[PDB]
Amino acid sequence: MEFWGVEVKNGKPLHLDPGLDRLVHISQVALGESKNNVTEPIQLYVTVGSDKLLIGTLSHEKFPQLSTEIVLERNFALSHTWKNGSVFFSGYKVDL
Amino acid sequence: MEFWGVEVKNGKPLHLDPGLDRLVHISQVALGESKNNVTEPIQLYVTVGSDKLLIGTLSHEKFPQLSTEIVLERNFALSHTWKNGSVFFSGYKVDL
Amino acid sequence: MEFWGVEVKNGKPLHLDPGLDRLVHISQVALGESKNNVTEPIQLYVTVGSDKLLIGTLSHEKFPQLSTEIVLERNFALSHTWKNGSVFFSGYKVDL
Amino acid sequence: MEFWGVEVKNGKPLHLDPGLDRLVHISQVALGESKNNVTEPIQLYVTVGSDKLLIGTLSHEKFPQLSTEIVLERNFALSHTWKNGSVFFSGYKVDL
Amino acid sequence: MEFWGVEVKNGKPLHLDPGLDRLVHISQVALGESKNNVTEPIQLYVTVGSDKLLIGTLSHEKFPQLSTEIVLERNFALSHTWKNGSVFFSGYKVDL
């Protein structure tokens with residue numbers, strides 16, 4: 001049980017690996033601050049072995065964060081559709 | 001612990017099997033992007049044997065995703081009432 | 001770990017028993033579609049022994065579902081105040 | 001694992017004790033019916049030893065319930081700021 | 001399993017240590033009472049080592065609390081951007 005987190009900037013897929021005999025457990029997703037205040041809804045994706053899964057759609061006004069239980073035992077990528085800001089993903093790494 | 005997820009397109013029941021001595025744990029539901037300004041509320045169902053259970057009602061305006069804990073040890077189907085878009089279900093498989 | 005769920009129709013108490021050395025874990029609650037556009041908040045109860053406990057208040061407009069963690073080791077009843085529709089309760093049974 | 005719940009009526013702290021080598025796990029909080037009036041936000045507190053902690057703020061309009069994971073290993077008190085109604089807390093007791 | 005909680009006043013980082021062979025599990029976040037209207041965004045952070053992670057953005061009107069699952073095995077800091085009030089964080093400590 002080790003705290004884990006990342007900031008995905010401007011949506012470009014961030015490729016991650018839990019490591020041998022580990023899982024990443026993502027528990028918290030948060031929409032970062034806007035520089036402009038042109039806010040469209042922002043889609044969030046986890047890509048695992050190809051399959052690209054929508055996990056949610058955030059907005060500053062209505063959906064600025066999610067409490068989640070996403071469990072990843074293999075290489076994956078996090079990505080989102082906001083070209084001008086960050087989405088924060090956090091949780092913890094687990095053994096076995 | 002194996003990441004798992006599916007896209008249910010246009011609501012047609014997707015029949016799934018966790019596998020022998022496995023469970024599917026569904027943790028995240030997300031509503032896909034709409035192509036038009038018709039938004040009807042979209043009902044989501046898990047059908048197990050003779051029981052069709054409503055798990056929720058989504059909309060782009062108010063309810064575009066759910067964080068869930070749905071546990072399936074036997075064959076089931078996922079379905080929804082949106083004839084013109086997708087709902088994404090994700091989570092993980094567990095060994096017994 | 002066995003998927004479990006029920007439909008409580010028109011609010012009448014549904015009396016249930018987890019069984020010997022079993023638990024019912026209720027993880028998802030969902031408000032059925034309305035035919036009868038009166039609307040009003042719908043209170044949901046779990047009755048265990050002499051205690052009738054409110055678990056929440058649903059509406060089609062604002063609160064059409066809940067994600068819960070309700071654990072029941074002994075006989076109980078589910079009930080709600082909607083006389084003209086259903087509320088769906090689902091989750092799983094656990095041994096030991 | 002035993003179902004547990006209480007109704008905290010009006011503004012008075014309810015003092016509770018899990019017992020020796022037990023925990024209370026609070027998983028669901030629900031605001032009781034207001035008998036007409038539109039009411040003010042209601043703050044919820046758990047008091048443990050030297051700490052009175054805000055756990056949230058409920059309203060009939062916007063926040064009538066919470067799904068929680070509050071874990072108490074020693075004597076505590078639940079209280080809230082609604083002088084003329086109830087808040088229901090439920091979950092389960094765990095033996096260590 | 002020991003109840004844990006803190007009040008972070010006016011945003012100033014609170015530096016905390018779970019202790020040897022312990023984790024802090026943060027389950028509940030709640031926004032304190034405002035005396036006026038707050039116009040500044042209320043952003044919440046957990047800082048661990050070189051990573052400052054946004055966990056969400058609170059408001060009195062729309063997002064006065066979060067139910068979370070944040071796990072910390074290391075020294076960390078909690079902080080937020082509300083200059084004129086408190087955010088309450090609670091949960092429990094776990095051994096081993």
# chains A, B, ... in the order shown; residues from 1 in each chain; ligands from 1
$ residues_around --residues "segment 70-85 of chain B" --least-positions-apart "2" --cutoff "6 Å" --atoms "only C-alpha atoms" --output "ChimeraX atom specification"
/B:9-17,23-26,42-48 /C:2-3
$ interface_residues --of "chain C" --to "chain B" --cutoff "12 Å" --atoms "only C-alpha atoms" --output "PDB file with N, CA and C atoms, in the first residue's frame"
ATOM      1  N   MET C   1     -20.079 -15.452  -2.641  1.00  0.00           N
ATOM      2  CA  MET C   1     -20.303 -14.226  -3.428  1.00  0.00           C
ATOM      3  C   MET C   1     -21.259 -14.517  -4.570  1.00  0.00           C
ATOM      4  N   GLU C   2     -22.513 -14.121  -4.389  1.00  0.00           N
ATOM      5  CA  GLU C   2     -23.585 -14.491  -5.281  1.00  0.00           C
ATOM      6  C   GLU C   2     -24.393 -13.224  -5.515  1.00  0.00           C
ATOM      7  N   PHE C   3     -24.567 -12.846  -6.781  1.00  0.00           N
ATOM      8  CA  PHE C   3     -25.358 -11.681  -7.116  1.00  0.00           C
ATOM      9  C   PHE C   3     -26.752 -11.823  -6.532  1.00  0.00           C
ATOM     10  N   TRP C   4     -27.282 -10.704  -6.055  1.00  0.00           N
ATOM     11  CA  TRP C   4     -28.552 -10.674  -5.378  1.00  0.00           C
ATOM     12  C   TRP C   4     -29.242  -9.404  -5.794  1.00  0.00           C
ATOM     13  N   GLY C   5     -30.568  -9.494  -6.009  1.00  0.00           N
ATOM     14  CA  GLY C   5     -31.326  -8.277  -6.191  1.00  0.00           C
ATOM     15  C   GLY C   5     -32.816  -8.445  -6.130  1.00  0.00           C
ATOM     16  N   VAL C   6     -33.519  -7.364  -5.783  1.00  0.00           N
ATOM     17  CA  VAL C   6     -34.980  -7.375  -5.741  1.00  0.00           C
ATOM     18  C   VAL C   6     -35.614  -6.090  -6.256  1.00  0.00           C
ATOM     19  N   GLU C   7     -36.884  -6.202  -6.621  1.00  0.00           N
ATOM     20  CA  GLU C   7     -37.724  -5.087  -7.004  1.00  0.00           C
ATOM     21  C   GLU C   7     -38.813  -4.950  -5.964  1.00  0.00           C
ATOM     22  N   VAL C   8     -38.862  -3.800  -5.310  1.00  0.00           N
ATOM     23  CA  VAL C   8     -39.876  -3.521  -4.315  1.00  0.00           C
ATOM     24  C   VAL C   8     -40.946  -2.644  -4.975  1.00  0.00           C
ATOM     25  N   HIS C  25     -25.374  -7.919   1.171  1.00  0.00           N
ATOM     26  CA  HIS C  25     -24.687  -6.675   0.938  1.00  0.00           C
ATOM     27  C   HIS C  25     -25.421  -5.931  -0.170  1.00  0.00           C
ATOM     28  N   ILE C  26     -26.085  -4.825   0.173  1.00  0.00           N
ATOM     29  CA  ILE C  26     -26.833  -4.047  -0.808  1.00  0.00           C
ATOM     30  C   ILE C  26     -25.903  -2.911  -1.246  1.00  0.00           C
ATOM     31  N   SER C  27     -25.567  -2.886  -2.535  1.00  0.00           N
ATOM     32  CA  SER C  27     -24.627  -1.927  -3.080  1.00  0.00           C
ATOM     33  C   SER C  27     -25.298  -0.865  -4.019  1.00  0.00           C
ATOM     34  N   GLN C  28     -26.457  -1.185  -4.591  1.00  0.00           N
ATOM     35  CA  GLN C  28     -27.101  -0.313  -5.573  1.00  0.00           C
ATOM     36  C   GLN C  28     -28.591  -0.227  -5.414  1.00  0.00           C
ATOM     37  N   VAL C  29     -29.087   1.016  -5.408  1.00  0.00           N
ATOM     38  CA  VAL C  29     -30.484   1.343  -5.303  1.00  0.00           C
ATOM     39  C   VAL C  29     -30.848   2.180  -6.489  1.00  0.00           C
ATOM     40  N   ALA C  30     -31.964   1.863  -7.140  1.00  0.00           N
ATOM     41  CA  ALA C  30     -32.412   2.623  -8.321  1.00  0.00           C
ATOM     42  C   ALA C  30     -33.922   2.787  -8.376  1.00  0.00           C
ATOM     43  N   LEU C  31     -34.334   4.032  -8.659  1.00  0.00           N
ATOM     44  CA  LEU C  31     -35.715   4.418  -8.767  1.00  0.00           C
ATOM     45  C   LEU C  31     -36.213   4.056 -10.164  1.00  0.00           C
ATOM     46  N   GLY C  32     -37.321   3.304 -10.212  1.00  0.00           N
ATOM     47  CA  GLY C  32     -37.977   2.958 -11.431  1.00  0.00           C
ATOM     48  C   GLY C  32     -38.597   4.158 -12.187  1.00  0.00           C
ATOM     49  N   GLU C  33     -38.957   3.917 -13.439  1.00  0.00           N
ATOM     50  CA  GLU C  33     -39.620   4.930 -14.266  1.00  0.00           C
ATOM     51  C   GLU C  33     -40.987   5.262 -13.695  1.00  0.00           C
ATOM     52  N   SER C  34     -41.365   6.546 -13.703  1.00  0.00           N
ATOM     53  CA  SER C  34     -42.712   6.997 -13.357  1.00  0.00           C
ATOM     54  C   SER C  34     -43.710   7.010 -14.520  1.00  0.00           C
ATOM     55  N   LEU C  58     -35.193   9.423  -2.687  1.00  0.00           N
ATOM     56  CA  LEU C  58     -34.970   9.422  -4.104  1.00  0.00           C
ATOM     57  C   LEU C  58     -35.942  10.352  -4.792  1.00  0.00           C
ATOM     58  N   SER C  59     -35.544  10.857  -5.948  1.00  0.00           N
ATOM     59  CA  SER C  59     -36.482  11.535  -6.881  1.00  0.00           C
ATOM     60  C   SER C  59     -35.963  11.334  -8.305  1.00  0.00           C
ATOM     61  N   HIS C  60     -36.885  11.354  -9.283  1.00  0.00           N
ATOM     62  CA  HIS C  60     -36.532  11.259 -10.691  1.00  0.00           C
ATOM     63  C   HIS C  60     -35.721  12.461 -11.136  1.00  0.00           C
ATOM     64  N   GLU C  61     -36.048  13.627 -10.594  1.00  0.00           N
ATOM     65  CA  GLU C  61     -35.384  14.848 -10.943  1.00  0.00           C
ATOM     66  C   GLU C  61     -33.911  14.949 -10.499  1.00  0.00           C
ATOM     67  N   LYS C  62     -33.626  14.531  -9.272  1.00  0.00           N
ATOM     68  CA  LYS C  62     -32.370  14.868  -8.646  1.00  0.00           C
ATOM     69  C   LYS C  62     -31.615  13.685  -8.067  1.00  0.00           C
ATOM     70  N   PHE C  63     -32.335  12.681  -7.568  1.00  0.00           N
ATOM     71  CA  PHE C  63     -31.712  11.567  -6.912  1.00  0.00           C
ATOM     72  C   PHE C  63     -32.250  10.223  -7.357  1.00  0.00           C
ATOM     73  N   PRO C  64     -32.032   9.803  -8.610  1.00  0.00           N
ATOM     74  CA  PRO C  64     -32.669   8.582  -9.098  1.00  0.00           C
ATOM     75  C   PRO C  64     -31.975   7.272  -8.715  1.00  0.00           C
ATOM     76  N   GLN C  65     -30.838   7.353  -8.017  1.00  0.00           N
ATOM     77  CA  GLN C  65     -30.152   6.121  -7.614  1.00  0.00           C
ATOM     78  C   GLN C  65     -29.190   6.428  -6.518  1.00  0.00           C
ATOM     79  N   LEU C  66     -28.777   5.386  -5.816  1.00  0.00           N
ATOM     80  CA  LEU C  66     -27.734   5.517  -4.776  1.00  0.00           C
ATOM     81  C   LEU C  66     -26.764   4.371  -4.966  1.00  0.00           C
ATOM     82  N   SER C  67     -25.504   4.628  -4.570  1.00  0.00           N
ATOM     83  CA  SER C  67     -24.505   3.616  -4.460  1.00  0.00           C
ATOM     84  C   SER C  67     -24.256   3.507  -2.953  1.00  0.00           C
ATOM     85  N   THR C  68     -24.455   2.294  -2.435  1.00  0.00           N
ATOM     86  CA  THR C  68     -24.554   2.069  -0.992  1.00  0.00           C
ATOM     87  C   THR C  68     -23.620   0.972  -0.514  1.00  0.00           C
ATOM     88  N   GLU C  69     -23.569   0.797   0.806  1.00  0.00           N
ATOM     89  CA  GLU C  69     -22.865  -0.332   1.405  1.00  0.00           C
ATOM     90  C   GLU C  69     -23.642  -0.726   2.669  1.00  0.00           C
ATOM     91  N   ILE C  70     -24.730  -1.477   2.465  1.00  0.00           N
ATOM     92  CA  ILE C  70     -25.634  -1.886   3.484  1.00  0.00           C
ATOM     93  C   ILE C  70     -25.444  -3.383   3.713  1.00  0.00           C
ATOM     94  N   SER C  86     -41.611   1.292  -8.602  1.00  0.00           N
ATOM     95  CA  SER C  86     -40.658   0.394  -8.021  1.00  0.00           C
ATOM     96  C   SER C  86     -39.382   1.028  -7.643  1.00  0.00           C
ATOM     97  N   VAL C  87     -38.741   0.460  -6.600  1.00  0.00           N
ATOM     98  CA  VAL C  87     -37.371   0.743  -6.347  1.00  0.00           C
ATOM     99  C   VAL C  87     -36.625  -0.615  -6.379  1.00  0.00           C
ATOM    100  N   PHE C  88     -35.457  -0.614  -7.047  1.00  0.00           N
ATOM    101  CA  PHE C  88     -34.667  -1.797  -7.258  1.00  0.00           C
ATOM    102  C   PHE C  88     -33.496  -1.768  -6.293  1.00  0.00           C
ATOM    103  N   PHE C  89     -33.271  -2.878  -5.592  1.00  0.00           N
ATOM    104  CA  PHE C  89     -32.146  -2.994  -4.693  1.00  0.00           C
ATOM    105  C   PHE C  89     -31.312  -4.173  -5.177  1.00  0.00           C
ATOM    106  N   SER C  90     -30.004  -3.972  -5.302  1.00  0.00           N
ATOM    107  CA  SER C  90     -29.124  -5.050  -5.726  1.00  0.00           C
ATOM    108  C   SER C  90     -27.790  -5.044  -5.001  1.00  0.00           C
ATOM    109  N   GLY C  91     -27.117  -6.173  -5.086  1.00  0.00           N
ATOM    110  CA  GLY C  91     -25.818  -6.350  -4.485  1.00  0.00           C
ATOM    111  C   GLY C  91     -25.464  -7.816  -4.554  1.00  0.00           C
ATOM    112  N   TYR C  92     -25.102  -8.391  -3.399  1.00  0.00           N
ATOM    113  CA  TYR C  92     -24.584  -9.781  -3.355  1.00  0.00           C
ATOM    114  C   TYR C  92     -24.699 -10.383  -1.962  1.00  0.00           C
ATOM    115  N   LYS C  93     -24.776 -11.720  -1.922  1.00  0.00           N
ATOM    116  CA  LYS C  93     -24.761 -12.481  -0.683  1.00  0.00           C
ATOM    117  C   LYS C  93     -23.359 -13.033  -0.467  1.00  0.00           C
ATOM    118  N   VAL C  94     -22.947 -13.075   0.801  1.00  0.00           N
ATOM    119  CA  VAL C  94     -21.607 -13.469   1.213  1.00  0.00           C
ATOM    120  C   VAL C  94     -21.740 -14.569   2.269  1.00  0.00           C
TER     121      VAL C  94
END
$ select_by_dssp --residues "chain D" --states "strand (DSSP E)" --output "MDAnalysis selection string"
chainID D and resid 2:9 14:16 22:31 42:48 51:58 65:72 76:80 86:95
$ atom_distance --atom1 "atom CA of residue 50 of chain C" --atom2 "atom CA of residue 21 of chain C"
21.3 Å
$ decode --residues "segment 8-26 of chain C" --atoms "N, CA, C and O atoms" --output "JSON list (two decimals), in the first residue's frame"
[["chain", "number", "residue", "atom", "x", "y", "z"],
["C", 8, "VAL", "N", -38.86, -3.80, -5.31],
["C", 8, "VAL", "CA", -39.88, -3.52, -4.31],
["C", 8, "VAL", "C", -40.95, -2.64, -4.97],
["C", 8, "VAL", "O", -40.69, -1.47, -5.26],
["C", 9, "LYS", "N", -42.12, -3.24, -5.21],
["C", 9, "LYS", "CA", -43.17, -2.65, -6.04],
["C", 9, "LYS", "C", -44.20, -1.94, -5.17],
["C", 9, "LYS", "O", -44.72, -2.51, -4.21],
["C", 10, "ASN", "N", -44.45, -0.66, -5.45],
["C", 10, "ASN", "CA", -45.44, 0.12, -4.74],
["C", 10, "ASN", "C", -45.23, 0.20, -3.24],
["C", 10, "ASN", "O", -46.21, 0.44, -2.51],
["C", 11, "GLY", "N", -43.97, 0.01, -2.80],
["C", 11, "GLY", "CA", -43.59, 0.34, -1.43],
["C", 11, "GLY", "C", -43.85, -0.68, -0.34],
["C", 11, "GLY", "O", -43.24, -0.57, 0.74],
["C", 12, "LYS", "N", -44.67, -1.69, -0.62],
["C", 12, "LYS", "CA", -45.04, -2.64, 0.48],
["C", 12, "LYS", "C", -43.80, -3.36, 1.02],
["C", 12, "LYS", "O", -42.99, -3.83, 0.24],
["C", 13, "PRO", "N", -43.61, -3.46, 2.34],
["C", 13, "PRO", "CA", -42.42, -4.11, 2.90],
["C", 13, "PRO", "C", -42.15, -5.48, 2.25],
["C", 13, "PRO", "O", -43.06, -6.27, 2.18],
["C", 14, "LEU", "N", -40.93, -5.71, 1.79],
["C", 14, "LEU", "CA", -40.50, -6.98, 1.30],
["C", 14, "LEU", "C", -39.60, -7.62, 2.38],
["C", 14, "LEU", "O", -38.53, -7.07, 2.70],
["C", 15, "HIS", "N", -40.05, -8.76, 2.93],
["C", 15, "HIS", "CA", -39.37, -9.37, 4.05],
["C", 15, "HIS", "C", -38.38, -10.44, 3.52],
["C", 15, "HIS", "O", -38.77, -11.35, 2.80],
["C", 16, "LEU", "N", -37.12, -10.35, 3.92],
["C", 16, "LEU", "CA", -36.04, -11.16, 3.36],
["C", 16, "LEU", "C", -35.14, -11.70, 4.47],
["C", 16, "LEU", "O", -35.05, -11.14, 5.53],
["C", 17, "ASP", "N", -34.48, -12.81, 4.17],
["C", 17, "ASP", "CA", -33.61, -13.51, 5.08],
["C", 17, "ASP", "C", -32.31, -13.82, 4.34],
["C", 17, "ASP", "O", -32.35, -14.50, 3.33],
["C", 18, "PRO", "N", -31.13, -13.32, 4.78],
["C", 18, "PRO", "CA", -29.87, -13.71, 4.15],
["C", 18, "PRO", "C", -29.60, -15.21, 4.16],
["C", 18, "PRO", "O", -28.99, -15.68, 3.20],
["C", 19, "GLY", "N", -30.05, -15.91, 5.21],
["C", 19, "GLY", "CA", -29.81, -17.31, 5.39],
["C", 19, "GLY", "C", -28.73, -17.50, 6.45],
["C", 19, "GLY", "O", -28.02, -16.55, 6.86],
["C", 20, "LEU", "N", -28.56, -18.75, 6.86],
["C", 20, "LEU", "CA", -27.69, -19.09, 7.96],
["C", 20, "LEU", "C", -26.27, -18.84, 7.53],
["C", 20, "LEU", "O", -25.85, -19.27, 6.47],
["C", 21, "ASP", "N", -25.54, -18.09, 8.35],
["C", 21, "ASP", "CA", -24.14, -17.75, 8.12],
["C", 21, "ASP", "C", -23.91, -17.05, 6.81],
["C", 21, "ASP", "O", -22.91, -17.24, 6.19],
["C", 22, "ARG", "N", -24.87, -16.21, 6.42],
["C", 22, "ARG", "CA", -24.78, -15.39, 5.19],
["C", 22, "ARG", "C", -25.11, -13.93, 5.50],
["C", 22, "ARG", "O", -25.78, -13.64, 6.49],
["C", 23, "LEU", "N", -24.64, -13.04, 4.63],
["C", 23, "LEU", "CA", -24.93, -11.63, 4.69],
["C", 23, "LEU", "C", -25.55, -11.24, 3.36],
["C", 23, "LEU", "O", -25.17, -11.80, 2.34],
["C", 24, "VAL", "N", -26.48, -10.31, 3.39],
["C", 24, "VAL", "CA", -26.86, -9.55, 2.16],
["C", 24, "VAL", "C", -26.13, -8.21, 2.23],
["C", 24, "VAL", "O", -26.21, -7.50, 3.25],
["C", 25, "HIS", "N", -25.37, -7.92, 1.17],
["C", 25, "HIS", "CA", -24.69, -6.68, 0.94],
["C", 25, "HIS", "C", -25.42, -5.93, -0.17],
["C", 25, "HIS", "O", -25.44, -6.39, -1.29],
["C", 26, "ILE", "N", -26.09, -4.83, 0.17],
["C", 26, "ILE", "CA", -26.83, -4.05, -0.81],
["C", 26, "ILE", "C", -25.90, -2.91, -1.25],
["C", 26, "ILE", "O", -25.47, -2.09, -0.43]]
